[PDB]
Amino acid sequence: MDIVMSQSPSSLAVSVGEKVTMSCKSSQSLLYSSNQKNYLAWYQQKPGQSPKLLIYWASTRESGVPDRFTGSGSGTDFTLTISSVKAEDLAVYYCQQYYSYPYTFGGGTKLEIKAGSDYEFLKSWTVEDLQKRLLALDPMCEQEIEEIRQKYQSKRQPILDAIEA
């Protein structure tokens, strides 16, 4: 069999500062006994942005990744923990094995902020966290606009082909 990566939960609505635990199960051990390495990575992807490598060898942080992220586990059971979630951690987290072809990804765990009735809670954020959150909306919104352009490109093309003929 191909190796199947299964993640849970599929989505989680969180409050800032909450501890978050994300799980990923592989159908086959990813541990090579001879070097005691697990061939398992975690990626972070925000909406409208490219995936970013976060953790690899199951527990090693990529450069710049803060220490509130911890990867753990071995063999078939892996975990990504955020000890205290920040707004800039609101993203989709994908696990991936690079143990054997075909390389396979889990379905992702989506972290999103809980909806409130008003925005007074934003006063408790730092200016830096507010600015990061604001600017995270820019690629998200642009990717939705581009999807619309692509939809109408597809709608226009049969008419353009008829005109050209």
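When you see a residue number, it is the position in the sequence shown, counting from 1.
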Inset, instruction - Can you let me know which of the two, 58 to 66 or 92 to 100, has the higher average C-alpha B-factor in the entry? - result: 58 to 66
Inset, instruction - Tell me which of 128 to 136 and 39 to 47 has the higher mean C-alpha B-factor in the deposited entry. - result: 128 to 136
Legend entry - Ranked against its chain, the third holding the CA B-factor of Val4: lowest
Inset, instruction - State the tercile, meaning the lowest, middle or highest third, of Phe121 with respect to the CA B-factors recorded for its chain. - result: highest
Inset, instruction - Rank-wise, by C-alpha B-factor, drop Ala115 into the lowest, middle or highest third of its chain. - result: highest
Inset, instruction - Give the position of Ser27 by CA B-factor within its chain, expressed as the lowest, middle or highest third. - result: lowest
Legend entry - Among modelled residues of the same chain, the CA temperature factor third for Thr76: lowest
